[PDB]
Amino acid sequence: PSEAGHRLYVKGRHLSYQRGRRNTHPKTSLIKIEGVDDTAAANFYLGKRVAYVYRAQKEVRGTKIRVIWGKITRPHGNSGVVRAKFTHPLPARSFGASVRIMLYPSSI
Amino acid sequence: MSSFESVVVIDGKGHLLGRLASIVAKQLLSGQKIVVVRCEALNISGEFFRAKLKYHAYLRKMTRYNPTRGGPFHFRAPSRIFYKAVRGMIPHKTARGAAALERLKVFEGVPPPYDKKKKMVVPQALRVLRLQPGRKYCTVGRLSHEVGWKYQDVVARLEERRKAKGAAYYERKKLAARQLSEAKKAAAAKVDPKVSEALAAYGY
Amino acid sequence: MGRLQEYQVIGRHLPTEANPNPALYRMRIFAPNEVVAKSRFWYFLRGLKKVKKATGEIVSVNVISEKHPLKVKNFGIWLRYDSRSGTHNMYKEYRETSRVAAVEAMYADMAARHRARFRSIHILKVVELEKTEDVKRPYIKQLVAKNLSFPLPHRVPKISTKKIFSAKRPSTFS
Amino acid sequence: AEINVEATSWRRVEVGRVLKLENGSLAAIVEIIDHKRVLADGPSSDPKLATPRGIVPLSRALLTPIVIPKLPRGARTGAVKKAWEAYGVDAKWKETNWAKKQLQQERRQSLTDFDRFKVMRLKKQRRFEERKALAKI
Amino acid sequence: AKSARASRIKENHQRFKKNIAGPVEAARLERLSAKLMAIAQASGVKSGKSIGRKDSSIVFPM
Amino acid sequence: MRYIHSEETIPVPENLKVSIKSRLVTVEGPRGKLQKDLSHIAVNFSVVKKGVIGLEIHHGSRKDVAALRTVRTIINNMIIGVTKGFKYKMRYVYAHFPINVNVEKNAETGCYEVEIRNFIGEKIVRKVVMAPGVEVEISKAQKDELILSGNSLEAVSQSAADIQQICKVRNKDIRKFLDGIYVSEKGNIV
Amino acid sequence: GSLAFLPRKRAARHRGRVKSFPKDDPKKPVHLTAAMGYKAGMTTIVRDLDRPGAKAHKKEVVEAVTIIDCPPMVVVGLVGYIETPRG
Amino acid sequence: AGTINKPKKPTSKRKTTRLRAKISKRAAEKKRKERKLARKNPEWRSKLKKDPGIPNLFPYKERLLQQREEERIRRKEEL
RNA sequence: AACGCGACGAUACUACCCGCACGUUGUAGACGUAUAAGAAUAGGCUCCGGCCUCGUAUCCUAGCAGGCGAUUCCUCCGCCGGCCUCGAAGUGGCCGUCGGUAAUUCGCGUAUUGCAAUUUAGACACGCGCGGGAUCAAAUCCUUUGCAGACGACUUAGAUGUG
């Protein structure tokens, strides 16, 4: 009985698109990494895989879970928020929804 | 340090109403569920009659043709005063804004589900850390009682029952801590020599 | 205001056939950089004297550094500022470590207390009070008291602004 | 006449009071500039506890329970260093609770992945004896 | 004239309620309660003395 | 101007016991015990010598320093109350209708009650309930005199004011109608 | 008209609810508060008035009274309420 | 006054843009009239202005006045 | 409040309750979703020794996604009962039975998913199935009533009866 965890990823939250006062740009998203509070801490996560895991209705090829893959591109602001670019823009209904930030490609 | 939790139960005592609401609103839009307890113990800066003057001016604003529908529904409970502040801080006329409000819960006192949970505090909204020592402040419970809130005494009695049970729990709590220290002392002389400095060298 | 250094600016009128070897005036100017230091030289000279930039020449710009930037000193500043009523004399005292520190505090203090701007203030004299008994202002006089020692009641702790939620109520005693 | 007062016992900023900065370094107050700033100097031989002579704001500092007894006002680096070594500020600071907590933090940060596994295994063995003792009482 | 919610009228009514109306209504209540008294008098888990459980929400579903 | 230090002193006599918590002051004396909460004022309390209480404030303004003067006299008044006490003497005067004053002590709530009758011939009975710890007696030394004494100056003075206000003439001439109950002398019991 | 009775709609029920029982303190003896009856009609009475200070004092007055038929009520249950922050 | 219990109509601080242009035109018009009136200037203007001099609370007024006095004398004898 | 809530009565099928078997079922979004004193902030906590900037803390945390057999251990976890306790929008404690259980140390097994591809794994609700227990209901139309009424609505009465 291991009674332990299996988490190899850092938790994140999809806050919003890259936006101005009025105009929003779905191509780039903003992610809040848990425990990341400054730009120095965010620099560790640039270039890391980020996957949005959600559930669907129809089983396509053995699962109902679909994944959208992206990367952490650059830090946003001064509060540890990062910018992410995915294969497709996130559904925009996933504002405030969990994302997975993987530890690869690693350089440590 | 930006941790994510199932629900953060905030002890509303000693908090400035607006500053707590702004922080609560940002967390709700980010996707975090918030429960605020003891809204009657919240604080509003400035003198009391200024808070009373604002609410009476709020009572002025009423729809002329039909007060039943459309008009500003004035809520006298302390939690709904806090909820009004949070609602004005959230785009409640959107689907995203309504979903954010579903992550919020406000109460008078500490209902029995939450009287056994850990109440967090928001330092940025704490009155003792924010207000200049000479300035005046007022309590939301006092303003609510003066505008029509009917349940000030009932909430007060339930707090007395709640804190009496807390006294018994703390007496039990101190007994366990005393027993833990004694057990720790007895084991420390029997566990091992070699293990001891290994923990100490590692900081544990 | 900003970050300032004392500047020794020596300038002269351009030598003509009738007047070779001109007067070589000098001023001490508090400016953020050398570009501003020369501008204030010609602005002040245009008022005082009849020498303009076109017929002028900057001989030298030098930085005056404080001799002892580790000794606590009391400074007295005699300044004139103009308001909606007119131009007023005021004498004020600043306890600092350098003259530039004293002048920077003066600009902040005049802006806070009288809404006076940089373009409105003329610094007529900054002097180190060589000894106590030269301190006239009670706020400086209390700092030069014998055996000064005070507590720091109601000290608000520094909590990271990104640490939204705290488990314990903070204390304001140390 | 009986008077019993329990109000507060603060630590006073005064000449000779050594204060702790955020860097973990120490500095003794040499002169009080105003109610918000002081002039300090840390002559400790330890590079971690050393502080260059200069102005330190009191918001950025913390008052330690150590006071050099008769430090002269305006004393320069040579005079302050003589009092620092004579009083033994480094030895007294190392015995303080603040330094012990800071040392504990430093050891825990330097832990590697293998050390965390060892800490967990060694703590469980310690916990096993603690649980047996608590069972008796 | 003095309104029905005048402070002075309330004070006078309070004295009347305490010094005249009170004793009369107290005597009436004693007689009425006596008549209703006459009519009426005419293991914890297994016994119910231990009050146990019979047979939208307030918390978020975990 | 943010004065760095300002302090005051309250000497205590030998027969007192000043127990002061955070800012709750309790003074026990031969006459009794007084208590008062002054947590609304930022003040640091201390013992400077054997029998003098020191109160100081650090980094305050003129408003904050001046507040120490009020605290000094308030605690001093509680010291006087437990040692010497306070006494207020009232005289009631009339032209034609003699004022009837009745003083009784009731068991419930333990407070003295002063009942006034025949004020300018009025049929209303005016009842004033004294503050707790305030004793009222009719002196058999002067005619139409009411003695009001206790341990708290505020309770004694306020209760004397309550009697004066209730017996106030209305819709008449102040220059012609002189009836009423007035405070005559103020001082200490001892 | 009066705006205190403004929603001049039909009553939601034919019976009518008390909406307020007198305030309770434990010192008085145990008693009931309300009862039901059926309206029968009106009739005229003659009363020997004993109103000190009235013009009809020590005189006979004719008044209109209403009769309510009141068969005894049967107690068939018991209900308990608790105080909440919501009433 | 019973303002707390029964407050009256608020005084709006929301600026209407009609006033703002009207408020800016008057500021421009008033500034022009000052410049025109200062041009007519039937009033005497002098060269040397009333210098208030060194403040009395300046601790070194002795040395500065002695400095100024000897500055005048040395310049006078040199010229 | 016709999209606020509570208590109670009777609920025919459907499936009302219980157990487990899954769902190519829905979820503004599990992945250790761990952590109850009260009160003051010009003071407080204590085991009465002392302690308090600091939750960068405490607990839990190893094993084919966590096997099998030992060595060794009375530590922790879970289900059922019995006694009680929890009502502000209702639960936890104690005892007993049974089941599991690295605190120490081993033996056997892991390969091949081929150099990464959400590590499809939680909770609630809903539905489909068995096998055990349980129940045999109402409302409306209709006729009637006038305490009601523009029409609906409403107060009534229609099963043997004071109809």
Side-chain angles (χ1 to χ4, degrees), chain A residues 1-8 11 49 51 53-55 57-59 62-67 69 93-98 100 104, chain B residues 1 4-7 31 95-96 99-100 102-103 107-119 128 133 154-155 158 162-163 166-167 169-170 173-174 177-178 181-182, chain C residues 153-155 157-159 166-174, chain D residues 6-8 10 62 97-98 101 105 108-109 117 120-121 124-125 127-129 131-132 135, chain E residues 43-45 50-53 56-58 61-62, chain F residues 22-23 39 42-45 57-58, chain G residues 10 14 79 82-86:
Chain A
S2 185
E3 61 193 351
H6 302 106
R7 197 165 59 86
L8 265 307
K11 290 194 264 191
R49 284 334 67 190
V53 178
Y54 59 95
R55 57 196 36 192
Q57 182 267 332
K58 180 181 176 66
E59 176 167 353
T63 179
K64 300 189 183 102
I65 288 105
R66 321 269 154 88
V67 193
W69 276 103
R93 203 207 177 234
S94 55
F95 292 166
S98 285
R100 296 182 178 207
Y104 50 83
Chain B
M1 104 301 299
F4 305 156
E5 303 289 327
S6 279
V7 52
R96 181 195 175 216
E102 298 262 328
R103 301 179 195 117
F107 302 108
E108 286 92 74
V110 198
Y114 303 98
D115 56 19
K116 302 213 196 323
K117 288 167 163 353
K118 183 54 168 61
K119 263 80 66 180
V128 294
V154 181
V155 164
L158 300 157
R162 182 179 81 78
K163 291 177 192 188
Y169 154 79
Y170 186 59
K173 208 179 153 198
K174 292 201 284 172
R178 221 201 325 300
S181 207
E182 276 179 14
Chain C
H154 202 107
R155 274 251 274 189
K158 270 262 194 64
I159 316 185
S166 173
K168 296 162 44 215
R169 289 198 135 86
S171 325
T172 76
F173 318 109
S174 65
Chain D
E6 292 291 327
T8 310
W10 290 298
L62 264 177
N97 258 47
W98 283 358
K101 181 104 225 313
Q105 287 175 354
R108 291 202 185 173
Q109 289 170 14
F117 188 74
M120 187 219 46
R121 286 209 46 164
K124 271 156 102 124
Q125 300 177 13
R127 187 183 63 194
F128 180 67
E129 290 329 327
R131 289 174 178 189
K132 281 199 325 223
Chain E
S43 176
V45 186
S50 183
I51 300 116
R53 296 269 168 127
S56 179
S57 180
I58 182 169
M62 164 249 192
Chain F
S22 72
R23 262 159 309 180
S39 66
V43 52
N44 187 38
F45 281 103
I57 168 161
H58 321 280
Chain G
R10 321 185 166 150
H14 186 81
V79 191
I82 63 165
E83 309 221 306
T84 75
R86 301 186 285 172

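All heavy atoms count here, side chains included; hydrogens, waters and symmetry mates do not. Here is the naming used below: chain letters follow the sequence lines, and residue numbers restart at 1 for every chain.
Counted within 6.0 Å of NZ on B:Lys117, heavy atoms from surrounding residues, nucleotides or ligands total 12 or fewer; the atom is thus considered open. Other residues, nucleotides and ligands contribute more than 12 heavy atoms inside 6.0 Å of the CD atom of D:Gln105.
I:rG122 has its base anti relative to the sugar, with a glycosidic angle deviating from 0 by more than 90°. With a glycosidic angle no further than 90° from 0, I:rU61 counts as syn. In this structure, I:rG152 is classed as syn because its glycosidic torsion stays within 90° of zero. Regarding the sugar-base torsion, I:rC13 falls in the syn class, its angle being within 90° of 0. Taking the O4'-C1'-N9-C4 or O4'-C1'-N1-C2 dihedral as appropriate, I:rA30 has a value within 90° of 0 and is therefore syn.
On the basis of its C1'-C2'-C3'-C4' angle being negative, I:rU33 carries a south sugar. For I:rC47, the sugar pucker falls south, since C1'-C2'-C3'-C4' comes out negative. Here I:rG67 counts as north. Its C1'-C2'-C3'-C4' torsion is positive. Pucker annotation for I:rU35 reads south, on the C2'-endo side, since its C1'-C2'-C3'-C4' dihedral is below zero. Regarding nucleotide I:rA88, the torsion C1'-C2'-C3'-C4' is less than zero, so its sugar is described as south.
Comparing I:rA89, I:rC86, I:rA116 by their closest approach to the side chain of E:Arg53 singles out I:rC86. Comparing I:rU118, I:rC54, I:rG67 by their closest approach to the side chain of A:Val53 singles out I:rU118. Residue A:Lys64 has its side chain nearest to I:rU25 when only I:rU25, I:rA39, I:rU56 are considered. Closest to the D:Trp98 side chain, of the nucleotides I:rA28, I:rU119, I:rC54, is I:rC54. Here the nucleotide nearest the side chain of A:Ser98, chosen from I:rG55, I:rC147, I:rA30, is I:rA30. For D:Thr8, counting side-chain heavy atoms from C-beta on, the closest listed nucleotide (I:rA39, I:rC84, I:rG43) is I:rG43. The listed nucleotides are I:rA117, I:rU120, I:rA37; the one nearest the side chain of A:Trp69 is I:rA117. In the set I:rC54, I:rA89, I:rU61, the nucleotide with an atom closest to the side chain of G:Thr84 is I:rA89. Of the candidate nucleotides I:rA37, I:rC31, I:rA153, I:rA37 has the atom nearest to the side chain of B:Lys118. For A:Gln57, the side-chain atoms get nearest to I:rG26 when compared with the rest of I:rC54, I:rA42, I:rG26.
In the interface, the side chain of A:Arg7 is not paired with the base of I:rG122 through any donor and acceptor atom under 3.5 Å apart. Remark: the A:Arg55 side chain and the I:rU27 base include a donor-acceptor N/O pair separated by less than 3.5 Å. At a cut-off of 3.5 angstrom, the base of I:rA103 holds no donor-acceptor pair with the side chain of D:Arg131. In the interface, the side chain of C:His154 is not paired with the base of I:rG43 through any donor and acceptor atom under 3.5 Å apart.
In this structure, I:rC94 and I:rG82 make a Watson-Crick or G-U wobble pair, each of the two defining distances being under 3.5 angstrom. Shown here, I:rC64 forms no base pair; nothing in the strands shown gives a Watson-Crick or G-U wobble contact with both key distances under 3.5 Å. Using the Watson-Crick or G-U wobble rule with both distances under 3.5 Å, I:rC59 pairs with I:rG32.
Within the 4.5 Å cutoff, the side chain of G:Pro85 has heavy atoms near those of the B:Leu158 side chain. Between D:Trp10 and C:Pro153 the shortest side-chain heavy-atom distance falls below 4.5 Å. Between F:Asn44 and F:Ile57, every side-chain heavy-atom pair lies at or beyond the 4.5 Å cut-off. In this structure, the side chains of B:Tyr169 and B:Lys116 stay at 4.5 Å or more apart for every pair of heavy atoms. For the pair A:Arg49/A:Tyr104, a side-chain contact is recorded, criterion being any heavy-atom separation below 4.5 Å from C-beta on. Residues D:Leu62 and C:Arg155 have side chains in contact (heavy-atom distance under 4.5 Å, counting atoms from C-beta outward).
Consecutive residues I:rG63 and I:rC64 do not stack, lacking base ring centres under 5.5 Å apart with planes under 30°. Classification of the I:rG114/I:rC115 step: not stacked, the six-membered rings not being both closer than 5.5 Å at their centres and less than 30° apart in plane orientation. Adjacent nucleotides I:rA139 and I:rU140 have six-membered base rings whose centres lie under 5.5 Å apart with planes inclined under 30°, meeting the stacking criterion. Between I:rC74 and its strand neighbour I:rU75 the base rings do not stack, failing centres under 5.5 Å or planes under 30°. Consecutive bases I:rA28 and I:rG29 are counted as unstacked, their six-membered rings not meeting the limits of centres under 5.5 Å apart and planes tilted under 30°.
Taking atom P in both I:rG127 and I:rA15, the straight-line distance is 9 Å, to the nearest Å. Nucleotides I:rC68 and I:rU110, compared at atom P, are 16 Å apart to the nearest Å. For the P atoms, the distance from I:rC76 to I:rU61 is 12 Å, rounded to whole Å. Going from the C1' atom of I:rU113 to that of I:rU120 covers 15 Å, rounded to whole Å.
Both geometric conditions, a ring-centre gap below 5.5 Å and a plane tilt below 30°, are not fulfilled together for A:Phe95 over the base of I:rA28.
Residue F:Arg23 places none of its side-chain N or O atoms closer than 4.0 Å to OP1 or OP2 of I:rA42. Look at E:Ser57 and you won't find any side-chain N or O under 4.0 angstrom from OP1 or OP2 of I:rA89.
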Expected string for nucleotides 44-51 of chain I under the B/S/- scheme (protein heavy atoms, under 4.0 Å, primed atoms plus P, OP1, OP2 as sugar-phosphate) is -SSB---S

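In this structure, A:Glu59 places its CD atom 10 Å from P of I:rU24, rounding to the nearest Å. The nearest whole Å value for the distance from the CD atom in D:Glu129 to the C1' atom in I:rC74 is 12 Å.
Under a 3.5 Å cut-off, the side chain of B:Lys118 and the backbone N or O of C:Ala167 do form a donor-acceptor pair.
Here the straight-line distance linking atom CZ of A:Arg7 with atom CZ of A:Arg100 works out to 10.0 Å at 0.5 Å rounding.
When the ring pair (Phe, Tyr, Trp, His ring centres under 6.0 Å) test is applied to B:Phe107, the partners found at least two apart in sequence or on another chain are B:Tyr114.
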